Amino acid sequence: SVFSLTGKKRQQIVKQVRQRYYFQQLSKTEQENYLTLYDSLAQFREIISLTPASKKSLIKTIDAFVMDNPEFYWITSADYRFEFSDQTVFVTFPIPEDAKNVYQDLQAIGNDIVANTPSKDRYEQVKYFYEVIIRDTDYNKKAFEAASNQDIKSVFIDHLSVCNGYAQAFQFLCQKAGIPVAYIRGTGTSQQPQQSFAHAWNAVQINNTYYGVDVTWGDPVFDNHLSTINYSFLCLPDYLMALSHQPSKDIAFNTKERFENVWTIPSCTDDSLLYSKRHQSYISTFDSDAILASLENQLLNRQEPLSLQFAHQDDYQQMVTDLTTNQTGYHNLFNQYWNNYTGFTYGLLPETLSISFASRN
């Protein structure tokens, strides 16, 4: 095809996209068009000429490209618009007038964040990116409770964003760091009160296995039940993430239609990177002794607030019931370590089977 990349430019683009997530699920012709899309958007073209395929194949290619490539911030929330003509498919992404300088503004910010990570351990880098986005970005709760908040410009330029921007910003940084990463879209479900909502989050590959990451839900303005940085959404297995997340495999390419069950979602099975597990606050079996010992170990390290995360729903629920009835074990322990003790308060985040404790005032 005349639109396929060639020469040195092709080599450069092949290297650039090799780790992109949805790219891996595209066929040969679709990957060629993906490469052409990358080159043309990197030249800041509004209209891209692609080689003809079925309507579905083109939508798959475009959808994969948009999810995979936050750097082209102007495409992240755009409609999928294309037209067939004379053995060519013309794809249009309206492009802002300042797109080149904003694109390079974001490159400089991203490069600075990645280059100065304190550790080069991949987990520590992922944790650092989580922290950076949460600390430096205001969550736009007014917007949620109701575009322009959906891309990495809203995160790194405006510092005011919603889940789609957070998740694309996390991918943006991971890509620059060379960490395989995915953007995942779907449905979040919160409790107290029960509620479902459109949502976006991430997966990362560390040590050749995937881990779930939800930066947005770790933001205290998004959810303050444990209030701060809520680490209980950092590198989760699916048996915990699935309690509040349902990823979508579908492509809704307009308001009336979709393609069902197109994409494969990363499988996250390892719990070894849980913050709670790494800090000896993960309870995998209901046991009063083990619960109090974990809290006492935290108290011996002079931590406040204390925290617990459970592996299994019914164990978390039994702990909740014991806190509404048998509280004596807890007062006896806390009174030993907290001065002027007059009780304790607790916060519940059932979405990750988590609880936090603090001295009452």
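Each residue number is its position in the shown sequence, starting from 1.
The modelled chain is continuous from residue 280 to residue 281, since every residue of the deposited sequence in that stretch has coordinates. Unmodelled residues of the deposited sequence between neighbouring positions residue 115 and residue 116 number none; the chain is continuous.
Stretches compared: 281 to 289, 150 to 158. Higher mean C-alpha B-factor in the entry: 281 to 289.
Look at the mean CA B-factor for 192 to 200 and for 260 to 268 in the entry; the higher one is 192 to 200.
Highest C-alpha temperature factor among 88, 171, 164, 111, as the PDB entry reports it: 88. Ranking 129, 233, 211, 253 by Cα temperature factor from the entry places 253 first. Ranked within its chain, residue 103 lands in the lowest third, by CA B factor from the PDB record.
When the CA B factors of the chain's modelled residues are split into thirds, the value for residue 123 lands in the middle one. When the modelled residues of the chain are ordered by their C-alpha B factor, residue 242 lands in the middle third.
Residue 97: CA B factor lies in the highest third for its chain, per the PDB record. In this PDB entry, residue 320 carries a Cα temperature factor that places it within the highest third of its chain's modelled residues.
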